[PDB]
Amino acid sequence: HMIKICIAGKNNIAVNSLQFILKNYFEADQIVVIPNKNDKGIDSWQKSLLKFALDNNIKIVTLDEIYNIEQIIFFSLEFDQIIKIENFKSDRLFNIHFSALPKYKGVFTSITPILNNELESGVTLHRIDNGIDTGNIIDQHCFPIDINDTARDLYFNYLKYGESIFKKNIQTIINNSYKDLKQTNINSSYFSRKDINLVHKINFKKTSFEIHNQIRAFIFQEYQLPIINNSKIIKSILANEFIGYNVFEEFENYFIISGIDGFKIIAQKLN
């Protein structure tokens, strides 16, 4: 068919990966795009896929419009819809998921690995099957969650590494010469929206590492910041200085906190 590829989703990973295909592989007339339902068609703190496509004379389609395109490559890059694979003639359906699968299937993956005490995360390119982030893994890139990284910092890492893993593998996908491996049952985890209360209530009867992690997992200013006694927190810093157990002291610009193991946290208040 004339149309070779659909890019579906949002943000700079989608925009940049589309730019890369336009520059290196396919002409506009060979590409269609499905923006997310919330795409305003203007750039914000991320670029708009809708705007990029219109600016570049790529057609905006719906899923209904591509299901019958033989051999189309369908590529989800932060797409907001669950696919049903039997809708499609093509079986060339792919996603980049922002975690180190099989762990942290589902949502809010800039939050969940932090909240669960992980030292690393990853991006994973996989085939789409009918389950949520369950299909066979094509490629994965693991990277650290540094000790004072926030959810926002981690999200910007997913965008960066996600764009790179796209570029690394896209020719094998286009050539249908990639290899994949089924995901294991062990280590598989999943979160849905119901599992995370974005207005997090910190549990201080925890270690310093855990309290620190509770704070920084919710630091993502475009959405929210965690609040301690009515002040928003912009950064948490965990040190291995021992300051005594269960410290909590509020100052004008920051809190000094330690948990049951007495390591020092500085929780910096938003200016």
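One rule holds for the numbers: they count along the sequence shown, beginning at 1.
Undergrad: Going by the mean C-alpha B-factor recorded in the entry, which is higher: 213-221 or 61-69?
TA: Comparing 213-221 with 61-69, the higher mean C-alpha B-factor belongs to 61-69.
Undergrad: Of the two stretches 46-54 and 223-231, which shows the higher Cα B-factor on average in the entry?
TA: Here the higher of the two C-alpha B-factor means belongs to 223-231.
Undergrad: If I read the C-alpha B-factors straight from the PDB entry, which of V123, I128, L115, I196 is highest?
TA: Checking the PDB record, the top C-alpha B-factor among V123, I128, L115, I196 is at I196.
Undergrad: If you compare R92, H200, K84, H97, which has the highest Cα B-factor in the entry?
TA: That would be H200, according to the entry.
Undergrad: Name the third of the chain's ranked CA B-factors that contains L77, choosing lowest, middle or highest.
TA: Lowest third - that is where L77 ends up once the chain's C-alpha B-factors are sorted.
Undergrad: Taking the entry's C-alpha B-factors for this chain, is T207 in the lowest, middle or highest third?
TA: As the PDB entry reports it, the C-alpha B-factor of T207 lands in the lowest third of its chain.
Undergrad: Against its chain's modelled residues, does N11's Cα B factor rank lowest, middle or highest third?
TA: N11: CA B-factor falls in the lowest third of its chain.
Undergrad: Check where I34 lands among this chain's C-alpha B-factors and tell me if it's the lowest, middle or highest third.
TA: According to the entry, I34 has a C-alpha B-factor in the chain's lowest third.
Undergrad: Based on the entry's values, in what third of the chain does the Cα temperature factor of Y178 lie: lowest, middle or highest?
TA: Highest third.
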